[PDB]
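# first piece of the complex, coordinates kept as in the full assembly:
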Amino acid sequence: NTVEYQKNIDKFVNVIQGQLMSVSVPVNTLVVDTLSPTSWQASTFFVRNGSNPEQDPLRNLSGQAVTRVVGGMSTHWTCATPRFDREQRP
Amino acid sequence: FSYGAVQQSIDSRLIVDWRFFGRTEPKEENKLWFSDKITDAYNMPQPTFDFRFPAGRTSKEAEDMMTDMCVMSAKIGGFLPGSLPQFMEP
Amino acid sequence: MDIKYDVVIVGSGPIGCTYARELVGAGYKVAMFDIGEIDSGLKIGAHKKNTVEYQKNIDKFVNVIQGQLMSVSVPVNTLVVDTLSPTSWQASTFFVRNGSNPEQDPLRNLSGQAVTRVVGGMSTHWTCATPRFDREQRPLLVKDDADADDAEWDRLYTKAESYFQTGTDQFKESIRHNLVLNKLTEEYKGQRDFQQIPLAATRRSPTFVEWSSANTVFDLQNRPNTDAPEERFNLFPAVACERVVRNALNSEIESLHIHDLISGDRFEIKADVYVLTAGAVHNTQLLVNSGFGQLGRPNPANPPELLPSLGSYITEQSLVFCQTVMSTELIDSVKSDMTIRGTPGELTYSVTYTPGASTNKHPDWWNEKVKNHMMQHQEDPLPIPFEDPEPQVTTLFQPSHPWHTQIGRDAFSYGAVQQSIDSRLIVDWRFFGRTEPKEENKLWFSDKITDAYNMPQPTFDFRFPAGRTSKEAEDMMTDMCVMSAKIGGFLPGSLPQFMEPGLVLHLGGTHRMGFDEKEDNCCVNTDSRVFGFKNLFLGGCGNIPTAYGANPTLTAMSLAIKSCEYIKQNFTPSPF
């Protein structure tokens, strides 16, 4: 709800991304084998960069994230508010 | 909440997005749990997921849902290269 | 090299080779020239995928295809690179760089169109799918008599299928192939028919297929030789054919002008009969360089003298593509006859079936393969044997689904190939649309710009026609989405998409056939003879004047067979 974001709405994705903090990131196993020989080089895929060694990467909700700001996720959300029909509703 | 570098090539007036959202059967085995050793950024038990989309109706519906988006979106225009039909990160 | 031949053939692709097979066989003294060189091994013009190594590493063959597809027309590049160092030489304009074609509008191109200049042409790398066209896609050879027209095509297609060794059962023993084929049959029960793609190929073993090519049609060995002591054939590679010379009457060709690329020398060659099978693009180039049609940017106020339809009414097919990952239901079905006891990896583990058990869903051969894989590779989570061949499935074009389809695993992959997902789970989907011929869709050649061989540069002016062509193309995409979903979800990175215009390499109608030059807007008659000329014949997919979706080569060959009938009936071979 700023005049600037509604004149440049293509930029708002960046606001959303900057307050979605991933819930559970598995241990990374990407091979980087083009480091210079002088650089410190891992022998294992050890727990690095806030990854969660408990998480199976194949049984995750990798895209799950949280927002810690006053107003929560409603400071960035799409504002769609449908009712549930009987079939979806407790 | 765009999911890729946004297109500049094609006029924005021509672009329409399609998001279809499936329902997921509740199953006991699909879990959110918290580590007794690992902690998050606020020194609280680290969240860990053990999740797969259920077999059966959840999965059949999800794939029928993809097909439905293909069929319906075609009534309005062809896919935008770089935003082809896809499932998003769980 | 002689002065004088009975017949000269320009190009050694499978269509050139149809002409050689027929005319060498009928006793003519034949010379064939190709701009490209012999580079397929000792079998000249053969398929490059017929090595033991490529069939053990088929994922690498895409690189062979890419290394001999040379783009037809590349527009001027306008990409901004603004991170050069300040010291580097930096353009002020987007000037004509790197062999781009300044005549080409980037928005009306067939960017994916490419050519192959090697002995055997494109048949040294092609997929080998050879469907017949049904009536709806096919030009008439007989007017006003459909059963007679049908009979003639059946005669010609039967012969063409023998020359190519087309068959429909080389993949019958593949689990994956049958898995897919049977699922689709069952889902479209009473609506559509599925079968193996007709493939020009002979299986040599469970792990090796001898894919057909130009060599299969005609082995391209110089004659006479021991096997053919009364035949006369010479193949001259690395010779660029530049021009056919018209007499003043425009009733006969008098010579073929050639440039020997090794010596640099230019010559002329005399023959009774001239046959141009240089490809849909390069036939048209040679003709335009010879005074047929119009050179340069089209100018409707300056009408061409000869063959005014040349280069117009061009067609190229729309192509949609995706891959899928086999469904869990389908995979579990492969092993539905197995009784499993114990835990894989253990001494007690047992996978069994009964050979003949009435309630078995699969043949014993299939259950044997599955049992053995599962017991011999108890670390592998899939029931499909490692060397199981790929599916080769189609539902052929029909009025209700007016596209051709090829479902399986094509060597010509379009992205870095996936290593993450097991290859046994992957199935490719290609659906091919038909394109209405329209006068305004053109291939033309620059009067100023030249290509790598110093010939007039090819330029496209093409858009998919509005109307049925476009409606069908988009219905075709939807159809692939709907059908592919019956087998499994899309493979991330191979999502449904249209391919670059012309990547498909099914260009037609650049020198099209018809009964009457004026009424049918065409260049050659149903014997493939150029109107007005006694002794000039065109062969190839440029001859096809209709909107077709199936792969055109078998059709083009069938037309060349008919052309060769005319030649044999109208020209006498020299004495030996």
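Done, it's in. Numbers count the residues shown, from 1 in each chain, chains lettered A, B, ... in the order given.

# with residue C:144 as the reference, measure out to residue A:59.
Remark: distance between residue A:59 and residue C:144 (Cβ to Cβ, to the nearest Å) = 68 Å. C-betas here are computed from N, CA, C, even on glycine.

# and if you look at residue A:50?
Using Cβ to Cβ, residue A:50 is found at 79 Å from residue C:144.

# that older thread, more neighbours, residue A:59 and residue C:144?
Counted by other Cβ atoms under 10 Å in any protein chain shown, residue A:59 and residue C:144 do not tie: residue A:59 has more neighbours, with 16 against 7.

# which one is that one nearest to, not counting chain neighbours?
Closest residue in space to residue A:59, ignoring its immediate chain neighbours: residue B:50 at 5.1 Å, by Cβ to Cβ, 6 or more residues apart in numbering or on different chains.

# near chain B at all, stretch A:33-47?
No - with Cβ under 8 Å from any Cβ of the partner chain as the criterion, chain B is not reached by stretch A:33-47; the gap is at least 8.5 Å.

# any bit of that stretch sitting next to chain C?
No - contact of stretch A:33-47 with chain C (Cβ under 8 Å from any Cβ) is absent, the minimum separation being 15.3 Å.

# measure that stretch end to end?
Start and end residues of stretch A:33-47 are separated by 18 Å (Cα to Cα, to the nearest Å).

# which residues touch that stretch?
With contacts defined as Cβ atoms under 8 Å, 6 or more residues apart in numbering or on different chains, stretch A:33-47 is touched by A:27, A:28, A:29, A:53.

# report the contact partners of the first one.
If you count contacts by Cβ under 8 Å, 6+ apart, residue A:27 has them with A:45, A:46, A:47, A:48, A:51, A:52, A:53, A:55, A:57.

# ok, now the last one?
The neighbours of residue A:53, taking Cβ under 8 Å, 6+ apart as the test, are A:27, A:47, B:38.

# find the nearest non-adjacent residue to the first one, please.
Sequence neighbours aside, residue A:51 is the residue nearest to residue A:27 in space, at 4.8 Å (criterion: Cβ to Cβ, 6+ apart).

# name the SS class of that neighbour, please.
coil (DSSP: H, G, I helix; E, B strand; the rest coil).

# was I right about it contacting residue A:30?
No - taking Cβ atoms under 8 Å as the definition, residue A:51 is not a contact partner of residue A:30, at 11.7 Å.

# show me which pair in the contacts of stretch A:33-47 is furthest apart.
Largest separation among these by Cβ to Cβ: A:29 and A:53, giving 11.9 Å.

# so what's the residue positioned nearest the centre of chain A bridging to?
By Cα atoms, centre = their mean, chain A has its centre lying nearest to residue A:22, at 3.8 Å. Per DSSP bridges, the residues bridged to residue A:22 are residue A:65.

# hmm, residue A:62 is touching residue B:88, no?
No - if you go by Cβ under 8 Å, residue A:62 and residue B:88 don't touch, sitting 10.1 Å apart.

# apart from its neighbours in sequence, what residue is nearest the residue of chain A found nearest chain B?
Chain B sits closest to residue A:63 of chain A, with a gap of 3.5 Å, by Cβ to the nearest Cβ. Distance criterion Cβ to Cβ, 6+ apart; nearest residue to residue A:63, sequence neighbours excluded, is residue B:89 at 3.5 Å.

# so the one you found makes contact with residue A:62?
Yes - at 5.1 Å, residue B:89 and residue A:62 qualify as touching, with contact defined as Cβ under 8 Å.

# how about the contacts made by the residue of chain A closest to chain B?
Going by Cβ under 8 Å, 6+ apart, residue A:63 touches B:88, B:89, B:90.

# same list (those residues) but as TSV, adding secondary structure.
As requested, the contacts of residue A:63 are exported to TSV (three-state DSSP):
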residue	secondary structure
B:88	coil
B:89	coil
B:90	coil
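
# which single one of these is nearest to chain A?
So of the contacts of residue A:63, ranked by how close each gets to chain A (Cβ to the nearest Cβ), first place is residue B:89, at 3.5 Å.

# further, place chain D onto the existing structure:
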Amino acid sequence: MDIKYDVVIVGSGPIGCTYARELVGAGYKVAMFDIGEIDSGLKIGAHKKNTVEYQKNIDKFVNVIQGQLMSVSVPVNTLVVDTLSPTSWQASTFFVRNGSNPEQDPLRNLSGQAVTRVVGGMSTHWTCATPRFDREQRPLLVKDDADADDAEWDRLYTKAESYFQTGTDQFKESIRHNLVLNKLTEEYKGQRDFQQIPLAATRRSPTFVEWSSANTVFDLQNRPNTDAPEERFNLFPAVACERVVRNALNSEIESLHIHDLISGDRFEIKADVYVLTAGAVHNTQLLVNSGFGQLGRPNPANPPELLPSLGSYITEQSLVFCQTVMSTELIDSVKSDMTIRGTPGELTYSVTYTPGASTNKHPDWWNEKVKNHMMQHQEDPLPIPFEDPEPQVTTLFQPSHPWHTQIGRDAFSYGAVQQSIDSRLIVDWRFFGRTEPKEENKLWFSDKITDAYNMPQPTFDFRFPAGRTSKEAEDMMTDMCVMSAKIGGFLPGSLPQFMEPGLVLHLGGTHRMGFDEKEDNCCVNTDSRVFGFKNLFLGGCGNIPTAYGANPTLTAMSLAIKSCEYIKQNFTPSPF
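Now chain D, sitting on the chains shown earlier:
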């Protein structure tokens, strides 16, 4: 195929072919087997880049290279794909998929190592750089007499250069080549020397180079033939050589076991002399499959019986790469002798020079080329002619810069090629480091896992050594940054980087040479004879036991020449 030959050679690459040239020539009855097939045209084993089409489209040749580099050892993939549809079959583990090697640690691999199985081996696609090694990079052939050692290498290298037709002036008439060469000479005045890369090649015209290959060394035609009526040679492609058979003494080989890949049959072949030139990887594979060294994961507590250094002390070079965009100063220098009057595109426009003018910075030939380009292409903003050949520049390895360098434009590009920036402005930079031999750096072969030819799967255990190897590699990167800057800024998308370990394909020391098996930790003597064996010889870069930075093939050939001296002095050819 006969029962019995004088000499059998395993592999048809340029090292196999050195053995054939020497021994066929000396009158031996020779059989040569290759696992791969003839696929280079009628000149068997020749360079695939010697077609008119590839030299008109050299940007496409990378695809030919890629299509015959088959990775040696691919670790198990662990990429997460979590956007599959819920219906697709989805793995629970990262299981052994798609021909990966479960023995391979992904963090101690030569991931870029690959092999080529075609007649002529890697010499059908290689760059053709053939530098000599200076003393610092080179194994001793004479102990305790440096001038004598120098003399012997010079004798052998001179011969090897003739077999390959090495020269240093094929690019002397290139503006770009000279532009670069001269600038570097001037900037490192009195510090370093620059020259043309020595290249195994003969220029045939201003636009065509006949690149050397195995065919150049030996034409690979079966003999006797008309040209060589008293020679005896047979080449058997599509034959996998599996094992050499040792006698019980471990003093002689008694047969070579082979698998004919077309028939599927296995045979044995008897010869007086056995030569293995299968490549640095596959020589070691064949040996290990024959009871030399140790099969399986290394086990220092179970010492091998024979050749305990086999597969250890392996070396592979570090490789750094970038491209640049020619500086504005350099480009303007090309045309510094021209007087320009008027505006390009106009009737008055004039570019002139004086042919001999004392103050001219360039030779008349150069100024003629530049004047003509500028007047004939007044729409082009550059002074460099379109068909100007690429630079081919080096400063060879010296103690003060202990790397080899190649500056110009290599066919083996490493990314989608740029179309945006004019190709005339682009120069590539490759700097090649030397790697200390260390016992712990290993190539070994699985006792369980097999490759595509049912042979023990190759597995690497490699890291660049700490110490000098690593310090030098990083100084080498810095050196490329510093030197390349003298010519122009980096090309976006080709920024300075180390390449994937082993992409360089300069693997050495897998069956290394020395004077004494124990003291020098080696497998073959300075005649390339396997210790203890009367009639088994190894050829190839696996023989090289030192840390070298220059391209190894000419060195390996020089060693094979010396090996063939021994063979000629110690074995009598059968009667004809």
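
# in light of the added chain D, please revisit the contacts of residue A:53.
The contact partners of residue A:53, taken as Cβ under 8 Å, 6+ apart, are A:27, A:47, B:38.

# try it again at 10 Å.
Going by Cβ atoms under 10 Å, 6 or more residues apart in numbering or on different chains, residue A:53 touches A:26, A:27, A:46, A:47, B:35, B:37, B:38, B:46, B:48.

# and for residue A:90?
Residue A:90 touches residue A:84, counting by Cβ under 10 Å, 6+ apart.

# who's in contact with the residue nearest to the centre of chain A?
Residues in contact with residue A:22 (Cβ under 10 Å, 6+ apart) are A:50, A:51, A:52, A:60, A:61, A:62, A:63, A:64, A:65, A:66, B:47.

# right, and chain D sits closest to which residue of chain A?
residue A:37 (3.6 Å).

# for that residue, phi and psi?
Torsion angles at residue A:37 (phi, psi; degrees, to the nearest 10) stand at phi -50, psi -30.

# residue A:67 and residue A:23 touch, don't they?
No - counting by Cβ atoms under 10 Å, residue A:23 is not a contact partner of residue A:67; they are 11.2 Å apart.

# residues contacting residue A:1?
Counting by Cβ under 10 Å, 6+ apart, residue A:1 makes contact with residue A:75.

# scratch that, residue A:6 is what I was asking about
Going by Cβ under 10 Å, 6+ apart, residue A:6 touches residue A:12.

# same thing with residue A:5?
For residue A:5, the contact set (Cβ under 10 Å, 6+ apart) comprises A:11, A:12, A:15.

# spatially nearest residue to the last one, not counting backbone neighbours?
Which is residue A:15. residue A:76 (6.1 Å).

# same deal with the first one?
Residue nearest to residue A:11 in three dimensions, not counting chain neighbours: residue A:5, with 6.7 Å by Cβ to Cβ, 6+ apart.

# is it true that residue A:51 touches residue A:24?
Yes - using Cβ under 10 Å, residue A:51 is in contact with residue A:24, at 8.9 Å.

# list residues touching both of those two?
Listed as contacting both residue A:51 and residue A:24 by Cβ under 10 Å, 6+ apart are A:57, B:38.

# pull the distance from stretch A:71-83 to the chain's centre.
Relative to its chain's centre, stretch A:71-83 lies at 17 Å (Cα atoms, centre = their mean, to the nearest Å).

# do stretch A:2-12 as well
Per Cα atoms, centre = their mean, the centroid offset for stretch A:2-12 relative to its chain is 22 Å.

# next: stretch A:31-44.
On the basis of Cα atoms, centre = their mean, stretch A:31-44 sits 27 Å off its chain's mean C-alpha point.

# also stretch A:4-19?
Centre-to-centre, stretch A:4-19 and its host chain are 16 Å apart (Cα atoms, centre = their mean).

# same check on stretch A:15-27?
Mean C-alpha position of stretch A:15-27 versus that of the full chain (Cα atoms, centre = their mean) differs by 2 Å.

# same check on stretch A:46-53?
With Cα atoms, centre = their mean as the basis, stretch A:46-53 stands 15 Å off its chain's centre.

# do the same with stretch A:43-55
For stretch A:43-55, the separation from the chain centroid amounts to 17 Å (computed by Cα atoms, centre = their mean).

# what residues does chain A put near chain D?
Proximity of chain A to chain D (Cβ under 10 Å from any Cβ of the partner chain) is limited to residues A:26, A:28-39, A:41-45, A:56-63.

# mind doing that once more with 6 Å?
Selection of chain A residues close to chain D by Cβ under 6 Å from any Cβ of the partner chain yields A:29, A:31, A:33, A:34, A:36, A:37, A:38, A:57, A:62.

# which residues sit against stretch A:76-84?
Contact with stretch A:76-84 is made by residue A:16, as judged by Cβ atoms under 6 Å, 6 or more residues apart in numbering or on different chains.

# could you redo the last one with a cut-off of 7 Å?
Identification of contacts with stretch A:76-84 by Cβ atoms under 7 Å, 6 or more residues apart in numbering or on different chains yields A:15, A:16, A:19, A:67.

# same question for stretch A:9-21.
The contact list for stretch A:9-21 (Cβ under 7 Å, 6+ apart) reads A:5, A:65, A:66, A:67, A:69, A:76, B:1, B:2, B:6.
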